[PDB]
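Below: input_7.cif (mmCIF, N, CA and C atoms and all ligand atoms)
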data_run
loop_
_atom_site.label_atom_id
_atom_site.label_comp_id
_atom_site.auth_asym_id
_atom_site.auth_seq_id
_atom_site.Cartn_x
_atom_site.Cartn_y
_atom_site.Cartn_z
N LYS A 32 -203.90 12.22 52.62
CA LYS A 32 -203.22 10.94 53.01
C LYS A 32 -204.24 9.96 53.60
N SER A 33 -203.90 8.70 53.67
CA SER A 33 -204.85 7.70 54.23
C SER A 33 -205.30 8.13 55.63
N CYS A 34 -204.53 8.99 56.24
CA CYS A 34 -204.87 9.49 57.61
C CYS A 34 -205.52 8.41 58.47
N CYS A 35 -205.28 7.15 58.22
CA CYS A 35 -205.97 6.13 59.05
C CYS A 35 -205.55 4.70 58.74
N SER A 36 -205.82 3.84 59.68
CA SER A 36 -205.57 2.40 59.50
C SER A 36 -206.92 1.76 59.19
N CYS A 37 -207.98 2.51 59.40
CA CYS A 37 -209.35 1.99 59.09
C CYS A 37 -209.90 2.65 57.83
N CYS A 38 -209.14 3.54 57.27
CA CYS A 38 -209.56 4.27 56.06
C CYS A 38 -208.40 4.47 55.10
N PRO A 39 -208.74 4.64 53.86
CA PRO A 39 -207.74 4.89 52.81
C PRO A 39 -207.56 6.40 52.67
N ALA A 40 -206.84 6.84 51.68
CA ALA A 40 -206.66 8.31 51.51
C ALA A 40 -207.85 8.89 50.75
N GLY A 41 -208.82 8.07 50.45
CA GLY A 41 -210.01 8.57 49.70
C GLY A 41 -211.23 8.66 50.62
N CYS A 42 -211.16 8.17 51.82
CA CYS A 42 -212.33 8.25 52.71
C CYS A 42 -212.88 9.66 52.73
N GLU A 43 -214.00 9.88 52.12
CA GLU A 43 -214.58 11.24 52.16
C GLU A 43 -215.18 11.48 53.53
N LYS A 44 -215.21 10.47 54.32
CA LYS A 44 -215.71 10.60 55.69
C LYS A 44 -214.65 11.32 56.47
N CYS A 45 -213.47 11.18 56.00
CA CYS A 45 -212.30 11.81 56.66
C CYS A 45 -211.85 13.00 55.85
N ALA A 46 -212.47 13.17 54.73
CA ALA A 46 -212.14 14.28 53.83
C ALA A 46 -212.46 15.63 54.48
N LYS A 47 -213.08 15.61 55.62
CA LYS A 47 -213.42 16.88 56.30
C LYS A 47 -212.39 17.17 57.38
N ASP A 48 -212.05 16.17 58.11
CA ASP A 48 -211.05 16.32 59.19
C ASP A 48 -210.88 14.99 59.91
N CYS A 49 -210.84 13.93 59.16
CA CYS A 49 -210.69 12.59 59.79
C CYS A 49 -211.79 12.39 60.83
N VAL A 50 -212.91 11.89 60.41
CA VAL A 50 -214.05 11.68 61.35
C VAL A 50 -213.65 10.76 62.51
N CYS A 51 -212.63 9.96 62.33
CA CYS A 51 -212.22 9.07 63.46
C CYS A 51 -210.99 9.65 64.17
N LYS A 52 -210.66 10.88 63.90
CA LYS A 52 -209.48 11.49 64.57
C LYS A 52 -209.44 11.12 66.05
N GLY A 53 -210.58 10.97 66.64
CA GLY A 53 -210.63 10.60 68.08
C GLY A 53 -209.88 9.29 68.31
N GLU A 54 -208.70 9.35 68.84
CA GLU A 54 -207.93 8.10 69.09
C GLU A 54 -208.31 7.51 70.45
N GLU A 55 -209.58 7.46 70.71
CA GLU A 55 -210.06 6.90 72.00
C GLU A 55 -210.41 5.42 71.83
N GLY A 56 -211.67 5.11 71.66
CA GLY A 56 -212.07 3.70 71.46
C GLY A 56 -212.15 3.42 69.96
N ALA A 57 -211.99 4.43 69.15
CA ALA A 57 -212.06 4.24 67.68
C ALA A 57 -210.69 3.88 67.12
N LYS A 58 -210.00 3.06 67.82
CA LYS A 58 -208.65 2.62 67.39
C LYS A 58 -208.60 2.40 65.88
N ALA A 59 -207.60 2.92 65.23
CA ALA A 59 -207.49 2.74 63.75
C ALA A 59 -206.80 1.41 63.44
N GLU A 60 -205.87 1.04 64.27
CA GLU A 60 -205.15 -0.24 64.07
C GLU A 60 -206.12 -1.31 63.64
N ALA A 61 -207.30 -1.19 64.13
CA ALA A 61 -208.39 -2.15 63.78
C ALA A 61 -208.31 -2.52 62.29
N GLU A 62 -207.74 -1.64 61.50
CA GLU A 62 -207.61 -1.82 60.02
C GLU A 62 -208.83 -1.25 59.33
N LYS A 63 -209.88 -1.12 60.06
CA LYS A 63 -211.12 -0.56 59.52
C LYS A 63 -211.98 -0.03 60.67
N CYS A 64 -212.83 0.90 60.40
CA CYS A 64 -213.69 1.45 61.50
C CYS A 64 -215.17 1.21 61.22
N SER A 65 -216.02 1.88 61.95
CA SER A 65 -217.49 1.69 61.77
C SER A 65 -218.21 3.04 61.69
N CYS A 66 -217.50 4.09 61.38
CA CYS A 66 -218.19 5.43 61.29
C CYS A 66 -218.32 5.84 59.83
N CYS A 67 -217.28 5.64 59.10
CA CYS A 67 -217.27 6.01 57.67
C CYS A 67 -218.02 4.97 56.85
N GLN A 68 -217.80 3.74 57.18
CA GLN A 68 -218.46 2.62 56.46
C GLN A 68 -219.90 3.00 56.08
CD CD B 101 -210.52 5.96 60.05
CD CD B 102 -212.62 7.47 57.49
CD CD B 103 -209.08 9.34 58.87
CD CD B 104 -214.06 6.04 60.47
#

Could you render the structure from this file as structure tokens?
Ligand SMILES: [Cd+2]
Ligand SMILES: [Cd+2]
Ligand SMILES: [Cd+2]
Ligand SMILES: [Cd+2]
Amino acid sequence: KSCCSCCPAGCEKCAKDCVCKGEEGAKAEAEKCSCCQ
């Protein structure tokens, strides 16, 4: 699943376990993040 607001369901960055799973300062609402990019 997209598992994110900053990533789609294809983010292979999240294909391991959602690299941004940390809902701390890596807010997904952002619509996009800066770890997978
Ligand atoms: Cd994300
Ligand atoms: Cd991601
Ligand atoms: Cd994710
Ligand atoms: Cd990310």

All residues 10 Å or closer to residue 61 in chain A, only C-alpha atoms, same chain fewer than 6 positions away omitted, as JSON, numbers by chain:
{"A": [35, 36, 37]}

Could you please determine the separation between CA of residue 56 in chain A and CA of residue 43 in chain A in Å, to one decimal place?
20.9 Å

Near ligand CD 101 (chain B), 9 Å: chain A residue rows, closest pairs, only C-alpha atoms and all ligand atoms, as JSON lines:
{"residue": "A:33", "atom": "CA", "partner": "B:CD101", "partner_atom": "CD", "distance": 8.3}
{"residue": "A:34", "atom": "CA", "partner": "B:CD101", "partner_atom": "CD", "distance": 7.1}
{"residue": "A:35", "atom": "CA", "partner": "B:CD101", "partner_atom": "CD", "distance": 4.7}
{"residue": "A:36", "atom": "CA", "partner": "B:CD101", "partner_atom": "CD", "distance": 6.1}
{"residue": "A:37", "atom": "CA", "partner": "B:CD101", "partner_atom": "CD", "distance": 4.2}
{"residue": "A:38", "atom": "CA", "partner": "B:CD101", "partner_atom": "CD", "distance": 4.4}
{"residue": "A:39", "atom": "CA", "partner": "B:CD101", "partner_atom": "CD", "distance": 7.8}
{"residue": "A:42", "atom": "CA", "partner": "B:CD101", "partner_atom": "CD", "distance": 7.9}
{"residue": "A:44", "atom": "CA", "partner": "B:CD101", "partner_atom": "CD", "distance": 8.2}
{"residue": "A:45", "atom": "CA", "partner": "B:CD101", "partner_atom": "CD", "distance": 7.0}
{"residue": "A:49", "atom": "CA", "partner": "B:CD101", "partner_atom": "CD", "distance": 6.6}
{"residue": "A:50", "atom": "CA", "partner": "B:CD101", "partner_atom": "CD", "distance": 6.8}
{"residue": "A:51", "atom": "CA", "partner": "B:CD101", "partner_atom": "CD", "distance": 4.9}
{"residue": "A:52", "atom": "CA", "partner": "B:CD101", "partner_atom": "CD", "distance": 7.2}
{"residue": "A:57", "atom": "CA", "partner": "B:CD101", "partner_atom": "CD", "distance": 8.0}
{"residue": "A:58", "atom": "CA", "partner": "B:CD101", "partner_atom": "CD", "distance": 8.3}
{"residue": "A:59", "atom": "CA", "partner": "B:CD101", "partner_atom": "CD", "distance": 5.8}
{"residue": "A:62", "atom": "CA", "partner": "B:CD101", "partner_atom": "CD", "distance": 8.3}
{"residue": "A:63", "atom": "CA", "partner": "B:CD101", "partner_atom": "CD", "distance": 6.6}
{"residue": "A:64", "atom": "CA", "partner": "B:CD101", "partner_atom": "CD", "distance": 5.7}
{"residue": "A:65", "atom": "CA", "partner": "B:CD101", "partner_atom": "CD", "distance": 8.4}
{"residue": "A:66", "atom": "CA", "partner": "B:CD101", "partner_atom": "CD", "distance": 7.8}
{"residue": "A:67", "atom": "CA", "partner": "B:CD101", "partner_atom": "CD", "distance": 7.2}

Quote the spacing between atom C of residue 47 in chain A and atom CD of ligand CD 103 (chain B) in Å to one decimal place.
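So the answer is 8.6 Å.
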
One-decimal distance in Å that lies between atom N of residue 55 in chain A and atom C of residue 40 in chain A:
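Interatomic distance, atom C of residue 40 in chain A to atom N of residue 55 in chain A: 20.1 Å.
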